[PDB]
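Here is work35.pdb, consisting of PDB, C-alpha atoms (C1' of nucleotides):
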ATOM      1  CA  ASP A 488     -78.717 280.564  98.880  1.00  0.00           C
ATOM      2  CA  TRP A 489     -75.115 280.308  97.714  1.00  0.00           C
ATOM      3  CA  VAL A 490     -73.862 279.816 101.279  1.00  0.00           C
ATOM      4  CA  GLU A 491     -76.233 276.867 101.683  1.00  0.00           C
ATOM      5  CA  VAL A 492     -74.978 275.313  98.443  1.00  0.00           C
ATOM      6  CA  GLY A 493     -71.397 275.858  99.568  1.00  0.00           C
ATOM      7  CA  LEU A 494     -72.056 274.103 102.869  1.00  0.00           C
ATOM      8  CA  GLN A 495     -73.790 271.245 101.045  1.00  0.00           C
ATOM      9  CA  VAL A 496     -70.883 270.846  98.622  1.00  0.00           C
ATOM     10  CA  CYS A 497     -68.349 270.952 101.460  1.00  0.00           C
ATOM     11  CA  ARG A 498     -70.256 268.218 103.299  1.00  0.00           C
ATOM     12  CA  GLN A 499     -70.637 266.131 100.131  1.00  0.00           C
ATOM     13  CA  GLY A 500     -66.947 266.453  99.294  1.00  0.00           C
ATOM     14  CA  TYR A 501     -66.082 265.437 102.844  1.00  0.00           C
ATOM     15  CA  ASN A 502     -68.349 262.403 102.456  1.00  0.00           C
ATOM     16  CA  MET A 503     -66.746 261.472  99.129  1.00  0.00           C
ATOM     17  CA  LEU A 504     -63.201 261.838 100.475  1.00  0.00           C
ATOM     18  CA  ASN A 505     -64.204 259.818 103.549  1.00  0.00           C
ATOM     19  CA  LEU A 506     -65.528 257.092 101.245  1.00  0.00           C
ATOM     20  CA  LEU A 507     -62.236 257.155  99.337  1.00  0.00           C
ATOM     21  CA  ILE A 508     -60.209 256.975 102.565  1.00  0.00           C
ATOM     22  CA  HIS A 509     -62.019 253.876 103.859  1.00  0.00           C
ATOM     23  CA  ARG A 510     -61.649 252.198 100.479  1.00  0.00           C
ATOM     24  CA  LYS A 511     -59.931 248.980 101.615  1.00  0.00           C
ATOM     25  CA  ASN A 512     -61.688 248.949 105.021  1.00  0.00           C
ATOM     26  CA  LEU A 513     -58.707 250.676 106.656  1.00  0.00           C
ATOM     27  CA  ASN A 514     -59.792 252.870 109.571  1.00  0.00           C
ATOM     28  CA  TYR A 515     -56.413 254.233 110.722  1.00  0.00           C
ATOM     29  CA  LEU A 516     -56.591 257.359 108.539  1.00  0.00           C
ATOM     30  CA  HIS A 517     -58.913 260.154 109.677  1.00  0.00           C
ATOM     31  CA  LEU A 518     -60.007 263.124 107.573  1.00  0.00           C
ATOM     32  CA  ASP A 519     -61.076 266.111 109.662  1.00  0.00           C
ATOM     33  CA  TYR A 520     -63.587 268.752 108.570  1.00  0.00           C
ATOM     34  CA  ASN A 521     -60.770 271.106 107.537  1.00  0.00           C
ATOM     35  CA  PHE A 522     -59.658 268.367 105.095  1.00  0.00           C
ATOM     36  CA  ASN A 523     -56.435 267.439 106.875  1.00  0.00           C
ATOM     37  CA  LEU A 524     -55.529 263.750 106.658  1.00  0.00           C
ATOM     38  CA  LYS A 525     -53.902 262.334 109.781  1.00  0.00           C
ATOM     39  CA  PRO A 526     -53.438 258.885 111.328  1.00  0.00           C
ATOM     40  CA  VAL A 527     -55.681 258.096 114.284  1.00  0.00           C
ATOM     41  CA  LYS A 528     -52.691 256.563 116.095  1.00  0.00           C
ATOM     42  CA  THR A 529     -49.010 255.780 115.654  1.00  0.00           C
ATOM     43  CA  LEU A 530     -49.526 253.556 112.620  1.00  0.00           C
ATOM     44  CA  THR A 531     -47.110 250.729 111.885  1.00  0.00           C
ATOM     45  CA  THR A 532     -44.886 250.766 108.815  1.00  0.00           C
ATOM     46  CA  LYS A 533     -46.921 248.104 107.002  1.00  0.00           C
ATOM     47  CA  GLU A 534     -50.095 250.079 107.707  1.00  0.00           C
ATOM     48  CA  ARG A 535     -48.349 253.272 106.580  1.00  0.00           C
ATOM     49  CA  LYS A 536     -47.544 251.572 103.274  1.00  0.00           C
TER      50      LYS A 536
ATOM     51  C1'   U B   1     -75.161 235.266 124.965  1.00  0.00           C
ATOM     52  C1'   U B   2     -74.020 237.357 119.945  1.00  0.00           C
ATOM     53  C1'   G B   3     -71.351 240.361 116.521  1.00  0.00           C
ATOM     54  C1'   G B   4     -66.254 243.733 114.486  1.00  0.00           C
ATOM     55  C1'   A B   5     -61.683 242.407 112.386  1.00  0.00           C
ATOM     56  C1'   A B   6     -59.409 238.017 110.199  1.00  0.00           C
ATOM     57  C1'   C B   7     -53.445 241.171 103.910  1.00  0.00           C
ATOM     58  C1'   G B   8     -55.455 242.239 111.294  1.00  0.00           C
ATOM     59  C1'   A B   9     -54.167 241.130 115.985  1.00  0.00           C
ATOM     60  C1'   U B  10     -51.509 238.808 119.632  1.00  0.00           C
ATOM     61  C1'   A B  11     -48.035 234.206 121.543  1.00  0.00           C
ATOM     62  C1'   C B  12     -43.319 232.040 120.539  1.00  0.00           C
ATOM     63  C1'   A B  13     -38.934 232.901 118.170  1.00  0.00           C
ATOM     64  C1'   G B  14     -35.927 236.381 115.787  1.00  0.00           C
ATOM     65  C1'   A B  15     -28.019 235.620 112.852  1.00  0.00           C
ATOM     66  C1'   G B  16     -32.956 239.112 108.115  1.00  0.00           C
ATOM     67  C1'   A B  17     -24.909 236.725 108.338  1.00  0.00           C
ATOM     68  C1'   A B  18     -22.639 233.280 105.068  1.00  0.00           C
ATOM     69  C1'   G B  19     -22.370 228.758 103.156  1.00  0.00           C
ATOM     70  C1'   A B  20     -23.064 221.787  99.487  1.00  0.00           C
ATOM     71  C1'   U B  21     -18.000 223.138 105.095  1.00  0.00           C
ATOM     72  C1'   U B  22     -12.908 219.187 106.007  1.00  0.00           C
ATOM     73  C1'   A B  23      -9.367 216.073 107.727  1.00  0.00           C
ATOM     74  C1'   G B  24      -7.091 210.898 106.531  1.00  0.00           C
ATOM     75  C1'   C B  25      -6.122 207.070 103.138  1.00  0.00           C
ATOM     76  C1'   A B  26      -6.718 204.563  98.764  1.00  0.00           C
ATOM     77  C1'   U B  27      -7.672 204.685  93.684  1.00  0.00           C
ATOM     78  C1'   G B  28      -6.671 207.204  88.655  1.00  0.00           C
ATOM     79  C1'   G B  29      -2.742 210.017  85.462  1.00  0.00           C
ATOM     80  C1'   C B  30       2.697 210.508  84.615  1.00  0.00           C
ATOM     81  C1'   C B  31       8.062 209.316  85.108  1.00  0.00           C
ATOM     82  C1'   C B  32      11.347 206.137  87.208  1.00  0.00           C
ATOM     83  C1'   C B  33      13.109 202.103  90.371  1.00  0.00           C
ATOM     84  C1'   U B  34      12.812 197.048  92.366  1.00  0.00           C
ATOM     85  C1'   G B  35      11.081 191.940  92.382  1.00  0.00           C
ATOM     86  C1'   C B  36       8.519 187.794  90.023  1.00  0.00           C
ATOM     87  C1'   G B  37       5.800 185.623  86.107  1.00  0.00           C
ATOM     88  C1'   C B  38       4.822 185.252  80.379  1.00  0.00           C
ATOM     89  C1'   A B  39       6.192 185.406  75.291  1.00  0.00           C
ATOM     90  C1'   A B  40      10.211 185.639  72.361  1.00  0.00           C
ATOM     91  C1'   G B  41      15.228 187.427  71.203  1.00  0.00           C
ATOM     92  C1'   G B  42      20.634 189.110  71.761  1.00  0.00           C
ATOM     93  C1'   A B  43      25.898 188.873  73.102  1.00  0.00           C
ATOM     94  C1'   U B  44      29.483 185.794  75.517  1.00  0.00           C
ATOM     95  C1'   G B  45      32.642 182.193  78.726  1.00  0.00           C
ATOM     96  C1'   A B  46      34.151 176.696  78.986  1.00  0.00           C
ATOM     97  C1'   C B  47      39.576 170.973  78.270  1.00  0.00           C
ATOM     98  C1'   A B  48      39.973 165.111  77.718  1.00  0.00           C
TER      99        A B  48
END

Target format structure tokens, applied to this file:
Amino acid sequence: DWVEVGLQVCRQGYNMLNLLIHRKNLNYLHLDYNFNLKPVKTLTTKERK
RNA sequence: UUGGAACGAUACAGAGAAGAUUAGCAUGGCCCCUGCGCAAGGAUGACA
């Protein structure tokens, strides 16, 4: 069903973007399920860079 | 007891300013001046 494929692709794209986010083993950027990227805390300027 | 992280965390410190800084004397250069030495050289005074 097309809805099932859409859900699968949304989950797979979330997984791929999550893999890209934790590329350099940095865990202070969180990607929600609505695909909004936000820091998990008040990140320092070096970590922001 | 044994693992995450280790380009991190914390601790200390944080003037992340700006610099070869600055006073005296002697040397050295130049022009005199003064004294002495050295090598010569000028002009001049003096009777029986």

## Note on the structure
Using all atoms listed in the file, the residue out of B:46, B:38, B:5, B:20 with shortest distance to chain A is B:5

### Message
My list of candidates is A:494, A:505, A:499, A:536. Which is closest to residue 518 in chain A when distances are computed with only C-alpha atoms?
### Response
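Using only C-alpha atoms, the shortest distance to residue 518 in chain A belongs to A:505.
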
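What the PyMOL selection byres ((chain A) within 12 of (chain B)) matches in the given file is residues 511, 512, 513, 514, 531, 533, 534 and 536 of chain A.
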
### Query
What separation in Å, quoted to one decimal, exists between CA of residue 535 in chain A and CA of residue 523 in chain A?
16.3 Å

#### Entry: Atomic separation - CA of residue 517 in chain A relative to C1' of residue 4 in chain B, Å
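Between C1' of residue 4 in chain B and CA of residue 517 in chain A the gap is 18.6 Å.
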
### Task
Would you mind reading off the distance between CA of residue 488 in chain A and CA of residue 501 in chain A, one decimal, in Å?
20.1 Å

Around range 3-8 of chain B, fit a box with edges along x, y and z, padding it by 4 Å on each side, then list its centre and edge lengths in Å to one decimal as AutoDock Vina command-line options.
--center_x -62.4 --center_y 240.9 --center_z 110.2 --size_x 25.9 --size_y 13.7 --size_z 20.6
